[PDB]
Structures are given as C-alpha cells and as structure tokens.
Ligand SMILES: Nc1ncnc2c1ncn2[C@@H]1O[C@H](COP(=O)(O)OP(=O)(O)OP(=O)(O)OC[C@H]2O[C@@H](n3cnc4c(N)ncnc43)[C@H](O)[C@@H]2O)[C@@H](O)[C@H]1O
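Next up: just one chain, as structure tokens, the form solved without ligand BA3.
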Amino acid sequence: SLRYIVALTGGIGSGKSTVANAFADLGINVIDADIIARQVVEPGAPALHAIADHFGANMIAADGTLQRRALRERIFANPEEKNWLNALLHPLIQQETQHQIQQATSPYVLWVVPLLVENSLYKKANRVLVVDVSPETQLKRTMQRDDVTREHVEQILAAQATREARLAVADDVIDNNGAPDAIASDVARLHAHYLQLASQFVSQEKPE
C-alpha cells in the first residue's frame, strides 16, 4: 500500500524530539533517522563488524559501540573511504526506513530527518513540517542540554543548513521557542490536517 509521509526537520536545539513526541502521543508512527542510524551500527551489528574489518580495531570502543570520532578522522579528505562507508550504511538505512514505513499502522507516518534540507530528502516526503526557533534559542537550549559553550554551538549552527533554507522547503511551520506545551494548539491542527490529507491522497484528482 502507499503510505503518506510527513517529514519533520529542524536545526540543533529546535526541539525536534519534543514535537515528534507530541505526534507519537496521538498514535502516529514516528520514523527516526538518527535512531535508525544508531541501530544500524549498534554492538554486534553486522555493519559494525564490516566497519571494524575495513578500518581497524580502533573503530570499536571498550563498551562495544562505534567510535564515531575515530571513523570520522579516517574518512577525512578521503572521498574513496567516505564512498566506501556510505555504500555500506546508506542501503541498510534506506531499507530499515522503508521497512518501518511499510510496517506502520498509523494513517500517516512522521519521518524525522535532521538532514532533510542537506540531503534533499524533502523530495521523498509528501509534506514537510519544520520546527522553527531563533538561532538564540538553538544556542541556549544546546548550551544547556549538552553542557557546551556558545562558540561550540555556533560552530555547529554554521555547519547545518540555515533557518531560511529550512523555511524555503516547508509546507508547515511550528514555532518552538517556548515551553513544550505551547506547541499543542499547532500540533492538534496539523494532526487533523494530516489525517485528512492521508485519507484522500491516493485518489485526490486535483492537488492542494
């Protein structure tokens, strides 16, 4: 069957999880790109074995998890090694993603993709929702949540797509500058709208 896909994105500290949890509480199957990626390389995972074999024993930590910074260093300024890693991980991630879409029982799925803009993954969504906040909010929340410096987060902000680049691809925008309950009004309206879109989309003659 065809499933309706609403993709959710937002920059660091925008409160992506908060909004996705609000939809999850309404019975929507959330498909989380970062959760999937972490599971693909979890201890005893086949791909983690392949990583260790190709790159070295230095790739696996004491506790058995992937040493992400060491792997990063390994592919730095090396397109062939970066290509090798992607050729291993991308199809496993794609497969698990499609699998979860297919196994979803909710009327639409919420696909949470931090890199939606950067990887052009909006092309694979029926609807795009952006959780939006000020860069100030992104800095403060990140500084506080992960106990890190302002300059540290500022560097992360400089590496992700801009706030404007996300808004350029958005169908819907939810402001998340305040407390978690402040999103409830938008979430209720968007959910009711998405359920309607999902119920009509396969046979809908005229778009929008």
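In case it trips you up, residue 1 is the first one in the sequence shown, and so on. Between two forms, the rigid core is the largest collection of C-alphas that superpose within 1.5 Å.
Keep in mind the form solved in complex with ligand BA3 is missing from the figure; the text below concerns it.
Transferring ligand BA3 from its position in the deposited bound form by superimposing the surrounding C-alpha atoms places at least three ligand atoms within 2.4 angstroms of backbone or C-beta atoms of the displayed chain; the site is blocked.
Put simply, residue 163 is far from ligand BA3 in the deposited bound form: not one heavy atom of it is within 4.5 Å. For residue 173, no non-hydrogen atom is located within 4.5 Å of ligand BA3 in the deposited bound form, even though that partner is not displayed.
Taking the partner from the other structure, ligand BA3 in the deposited bound form has no heavy atom within 4.5 Å of any heavy atom of residue 187. With a 4.5 Å cutoff on heavy atoms, residue 24 does not count as touching ligand BA3 in the deposited bound form; it lies far away. Across the proposed site, 50, 54 and 68 without exception lack any heavy atom within 4.5 Å of ligand BA3 in the deposited bound form. Stretch-level contact check against ligand BA3 in the deposited bound form with heavy atoms at 4.5 Å: of 165-173, 136-144, 42-50, 55-63, the positive one is 136-144.
Only one of 98, 134, 78, 120 has its C-alpha shifted by 2 Å or more between the shown form and the other one once the core is superposed, and that residue is 78.
Residue 27 is not among the residues whose C-alpha shifts by 2 Å or more between the shown form and the other one once the rigid core is aligned; its shift stays under 2 Å. Residue 63 shows a C-alpha shift of 2 Å or greater between the shown form and the other one [criterion: core-superposed Cα displacement of 2 Å]. Remark: with the core as the superposition reference, the CA shift of residue 53 between the shown form and the other one reaches 2 Å or more. In contrast to the form presented, in the deposited bound form the C-alpha positions of residue 59 and residue 11 spread farther apart by 3 Å or more.
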